[PDB]
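Remarks on the structure that follows.
The numbers here are math on the coordinates, done by the rules we state, and not lab data. Cβ: placed from backbone, ideal geometry, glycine included. Neighbour counts: every protein chain shown.
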Amino acid sequence: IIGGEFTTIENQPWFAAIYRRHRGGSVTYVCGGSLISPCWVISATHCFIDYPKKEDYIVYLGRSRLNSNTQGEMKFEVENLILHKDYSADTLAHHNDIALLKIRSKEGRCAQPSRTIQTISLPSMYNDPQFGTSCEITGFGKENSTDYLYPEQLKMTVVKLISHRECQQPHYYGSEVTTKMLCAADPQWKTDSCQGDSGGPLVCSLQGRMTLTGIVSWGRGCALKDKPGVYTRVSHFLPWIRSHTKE
Ligand SMILES: C[C@H](NC(=O)[C@@H](CO)NS(=O)(=O)Cc1ccccc1)C(=O)NCc1ccc(C(=N)N)cc1
């Protein structure tokens, strides 16, 4: 997250920290995610596409720090890694950048709700917030483009939704952004999501209720003028989410 503020997992109880195991013992951060149900975490497909091996992943819930333990945190293995079949990446755009991870503790249990672990509500069929509405993003991503390391503390910021019309302008992203995507940015282009924030949530207060409106997917640079962050439009993927979360 470029700009914004450092926060705690208590303020983002649905945030999942996804890591990958390596040959030896090293565990590096891969992407963010959101707990949509006790057994399911939703993230982005581009995070795992190059290494579809479920065994190499670890999902942490209730974690506020990148490389240190948090009180109340819970560790999970990946029981099932579901990538979207129609995923593809063009020059800039990442299409159908959405994924599901069925989690399970070593004891075979799913998540247990607490003050630091809670689910986030999914949107209704084609029911998105009006453009211009403020929404929040969370992640352990880069604080600056030039950084090669991620912040140790979880960060968050607020961005505003941009109309498909405005985002489809020539100096923005043109025809590269589709209706299955959402653009959001800071009106002053000071704060934004960045590398490392992928898979994390774009949460909007819809009718007095926190909703998982989008998933951090792509963008040209970070906090670059006229280059909004692009998010996977969750409301357009409800049929897919349901079909892959049953049995
Ligand atoms: C997977 C994805 N790839 C891209 O976005 C590619 C185009 O597909 N563009 S980029 O400009 O190379 C992303 C980037 C930004 C800054 C430095 C290096 C990479 C990626 O890096 N995803 C993370 C990401 C998410 C949001 C934003 C943003 N809000 N500006 C920027 C980056």
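Summary of values
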item	result
Where a label projected 7 Å from the Cα of residue 68 along Cα→Cβ would reach, residues of the range 1-33 with amide N under 17 Å	6-10
Whole-Å semi-axes of the ellipsoid equivalent to the range 199-241 (Cα gyration tensor, √5λ, descending)	22, 14, 8
Stretch gain in nm, segment residue 149-residue 87, where the contour uses 0.36 nm per residue and the Cα spacing is subtracted	19.6 nm
Gain upon complete extension [residue 5, residue 26; 0.36 nm per residue less C-alpha separation]	4.7 nm
Rg/Rh (Cα only; Kirkwood hydrodynamic radius) as it applies to the chain	0.94
Where the Cα pairs of the range 114-245 fall when distances are cut into 5 Å bins, in %	2, 11, 20, 24, 19, 14, 7, 2, 0, 0
The range 66-124: GluC sites (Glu not before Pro) in DSSP coil with no more than 16 other Cβ atoms inside 10 Å	107
Spatial separation of Cα centroids for the range 44-74 and the range 232-247, in angstrom	21
Relative exposure of 152, 247, judged by other C-beta atoms within 10 Å (fewest first)	247, 152
Reference-scaled alpha-carbon Rg (2.2 N^0.38 Å with N residues) for the range 1-133	1.09
Sites residue 106 and residue 158, calculated FRET efficiency, Cβ-Cβ separation with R0 51 Å, nearest 0.05	0.85
Loop trypsin sites (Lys or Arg not before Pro), the range 1-68, which have at most 12 other Cβ atoms in a 10 Å radius of their Cβ (DSSP)	23, 53
Residues whose placed amide H lies under 5 Å from that of residue 7, excluding near-sequence neighbours	154, 155, 156
